[PDB]
(Lines of atoms letter the chains of each structure in order from A and count residues from 1; the text may use other names and numbers.)
(Lines give C-alpha, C1' and ligand atoms only; values in the text may rest on other atoms or scores of the structure.)
Protein backbone atom coordinates (compact mmCIF):
# COMPACT_ATOMS: atom_id res chain seq x y z
CA UNK A 1 0.00 0.00 0.00
CA UNK A 2 2.66 2.50 -1.08
CA UNK A 3 5.75 2.40 1.14
CA UNK A 4 8.29 5.13 1.89
CA UNK A 5 11.75 4.97 3.46
CA UNK A 6 12.95 7.87 5.62
CA UNK A 7 16.00 9.71 4.29
CA UNK A 8 16.33 12.41 6.96
CA UNK A 9 16.49 12.24 10.76
CA UNK A 10 13.21 13.67 12.04
CA UNK A 11 12.17 14.36 15.63
CA UNK A 12 8.53 14.27 16.73
CA UNK A 13 7.35 17.58 18.17
CA UNK A 14 3.75 16.67 18.98
CA UNK A 15 2.47 13.68 21.03
CA UNK A 16 0.75 12.46 17.86
CA UNK A 17 3.94 12.72 15.80
CA UNK A 18 6.51 9.92 15.70
CA UNK A 19 10.30 10.19 15.80
CA UNK A 20 12.16 8.06 13.25
CA UNK A 21 15.68 8.18 11.81
CA UNK A 22 16.79 7.48 8.24
CA UNK A 23 16.47 3.89 7.07
CA UNK A 24 13.11 3.49 8.80
CA UNK A 25 10.28 2.22 6.59
CA UNK A 26 6.58 2.64 7.33
CA UNK A 27 3.32 1.62 5.65
CA UNK A 28 1.27 4.70 4.75
CA UNK A 29 -2.50 4.33 4.38
CA UNK A 30 -3.55 7.66 2.86
CA UNK A 31 -1.52 10.52 1.38
CA UNK A 32 -2.39 13.86 2.91
CA UNK A 33 -0.95 16.43 0.52
CA UNK A 34 -1.96 19.07 3.08
CA UNK A 35 1.73 18.82 4.14
CA UNK A 36 1.54 15.88 6.55
CA UNK A 37 1.56 12.17 5.72
CA UNK A 38 -0.31 9.72 7.94
CA UNK A 39 1.30 6.36 8.64
CA UNK A 40 1.23 3.54 11.18
CA UNK A 41 3.74 0.87 12.22
CA UNK A 42 3.70 -1.92 14.81
CA UNK A 43 0.31 -0.71 16.01
CA UNK A 44 1.74 2.76 16.60
CA UNK A 45 0.80 5.78 14.49
CA UNK A 46 3.56 8.08 13.29
CA UNK A 47 3.03 11.23 11.24
CA UNK A 48 5.55 13.65 9.74
CA UNK A 49 5.91 16.25 6.94
CA UNK A 50 5.80 14.76 3.43
CA UNK A 51 8.93 16.81 2.67
CA UNK A 52 10.98 14.59 5.00
CA UNK A 53 10.73 11.37 2.97
CA UNK A 54 10.94 10.08 -0.61
CA UNK A 55 8.30 7.96 -2.35
CA UNK A 56 9.70 4.56 -3.32
CA UNK A 57 7.66 1.46 -2.30
CA UNK A 58 10.32 -1.19 -1.68
CA UNK A 59 9.87 -4.97 -1.58
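In the entry's author numbering, the protein residues as written are 0 to 58.
All residues carry an ideal CB built from backbone N, CA and C; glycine is no exception.
Problem set entry | Stretch pair the segment 31-39 + the segment 7-15: three plus CB contacts closer than 8 Å | no
Exercise. What residues in its chain sit with their C-beta under 8 Å from that of residue 34, if we drop five residues either side in the sequence?
Worked result: Sequence index remark: in the chain shown, residue 34 carries index 35 (1-based). Here the set comprises 48, 49 and 50.
Exercise. Going by the beta-carbon positions, is the gap between residue 21 and residue 44 smaller than 8 Å?
Worked result: Residue 21 sits at position 22 when you count from the first residue of the chain shown. Residue 44 sits at position 45 when you count from the first residue of the chain shown. It is not a contact, given that the beta carbons lie outside the stated cut-off.
For this session: Just the C-alpha distance for residue 54 and residue 10, rounded to the nearest angstrom, thanks.
Result: Against the chain shown, residue 54 aligns to sequence position 55. Against the chain shown, residue 10 aligns to sequence position 11. Distance between the alpha carbons of residue 54 and residue 10 is about 19 Å.
For this session: For residue 19, count neighbouring Cβ atoms within 10 angstroms of its own Cβ and tell me buried if that reaches 16, exposed if not.
Result: Taking the chain shown and counting its residues from 1, the one referred to as residue 19 is at position 20. Flag for residue 19 reads buried.
Problem set entry | Residues bridged to residue 45 (per DSSP) | For the purposes of this step, residue 45 is taken as residue 46 along the chain shown, with counting starting at 1. Beta-bridge pairing links residue 45 to 38.
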